[PDB]
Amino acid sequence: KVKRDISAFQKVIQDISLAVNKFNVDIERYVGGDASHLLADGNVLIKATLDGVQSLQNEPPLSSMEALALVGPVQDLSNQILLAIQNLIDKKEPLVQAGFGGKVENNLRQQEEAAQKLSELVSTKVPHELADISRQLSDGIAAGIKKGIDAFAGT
């Protein structure tokens, strides 16, 4: 316990990664029909994201060293989120034909709202020396979610 125990931050990353990866597996396996289980995966992901905001609210700021140590796990999580979004977009045809396009749209709008809250929280923990890269990562994920929102809009 000499150093910081930044395990709170690592746990949030892992919890979100677990939710993303379950969604991703299910979206890749999906080849048509009822998509309720995908919406439910999305809602476990929203819960993980909002759990993060609450878990980390009262944490002290990250040092440069502490934040640097999280750059790897955060870039990995970005990569995973962006891939999951692409795999979702890839399944637009079966999803829309099954009558789930709107519902997916609506889930994505809730993902966007939750991601924005978590990004905002993160910006209150990162030291200035990592503020630009952290914002870049957050913007990438926001742009990915918007791509998904745009793909399912009007369906």
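For every residue, the number given is its place in the sequence shown, counted from 1.
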Between 60 to 68 and 82 to 90, point out the one with the higher average CA B-factor as the PDB entry records it.
60 to 68
Residue stretch of maximal mean CA temperature factor, 5 to 13 vs 18 to 26:
5 to 13
Of the options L38, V122, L108, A115, which has the highest CA B factor as deposited?
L38
Chain-relative CA temperature factor third for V31
middle
The third of the chain into which the C-alpha temperature factor of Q97 falls is the middle
State the tercile, meaning the lowest, middle or highest third, of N43 with respect to the CA B-factors recorded for its chain.
highest
